[PDB]
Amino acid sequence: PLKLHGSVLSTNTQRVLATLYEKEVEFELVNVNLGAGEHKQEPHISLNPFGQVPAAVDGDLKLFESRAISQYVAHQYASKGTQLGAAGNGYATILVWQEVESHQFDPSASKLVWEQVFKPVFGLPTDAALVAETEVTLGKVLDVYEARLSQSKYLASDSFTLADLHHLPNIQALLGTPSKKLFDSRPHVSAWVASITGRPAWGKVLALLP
């Protein structure tokens, strides 16, 4: 089986878990104790040299960066499970919205999740000033999404693709925060969020969040 080295409470690990479940790929989770700094020790730093989770080993291949592992699973196991790709030249528009997720959505979203979800469990107060200004940026991104999702059922096409999937971990995390209002207030975004978070493969990830 594919071996996924990370943590169930890591959003970036969650991203890969989602793909693995969509693609029905056999795998085992190898736990990395983040509090203990294992992600900064050996062997984990031999699998991800930046000292981050997740990494993965599949046969003779070792991989890191969640979106790379995700895309690798979706290609390598394409014939199994959910079809996360598109026909013909549709792949190009999946690339576009994958890169929107990486470069437009994620910087703001991740920061919001750090400030509101992770920092509190470590006893650190949320930087509300940073949250406010970061929500401005994210609202502007989601206004673009609201327009897109008025024309297309999902971001890259009228079907669920990896472009949508890569959004799941931070969108889920934000639903548990006052940033949920950014999603609720945009009616196509809201329904799209309901659609992606309601998927069975994502429910399997959520099962793993105590």
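A residue's number is simply how far along the shown sequence it sits, counting from 1.
Relative to one another, 28-36 and 50-58 have unequal mean CA B-factors, and 28-36 is the one with the higher figure. Here 120-128 and 68-76 are compared by their mean Cα B-factor, and 120-128 comes out higher. For the set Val100, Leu112, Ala92, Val136, the PDB entry assigns the largest Cα B-factor to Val136. In the deposited entry, the Cα temperature factor of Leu174 sits in the bottom third of values across the chain's modelled residues. Sort the chain's modelled residues by C-alpha temperature factor and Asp164 lands in the lowest third, per the entry.
Residue-level temperature factors show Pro210 in the highest third of its chain, judged at the C-alpha atom. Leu149 sits in the lowest third of its chain by CA B factor, as recorded in the PDB entry. Sort the modelled residues of the chain by CA B factor and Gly6 lands in the lowest third.
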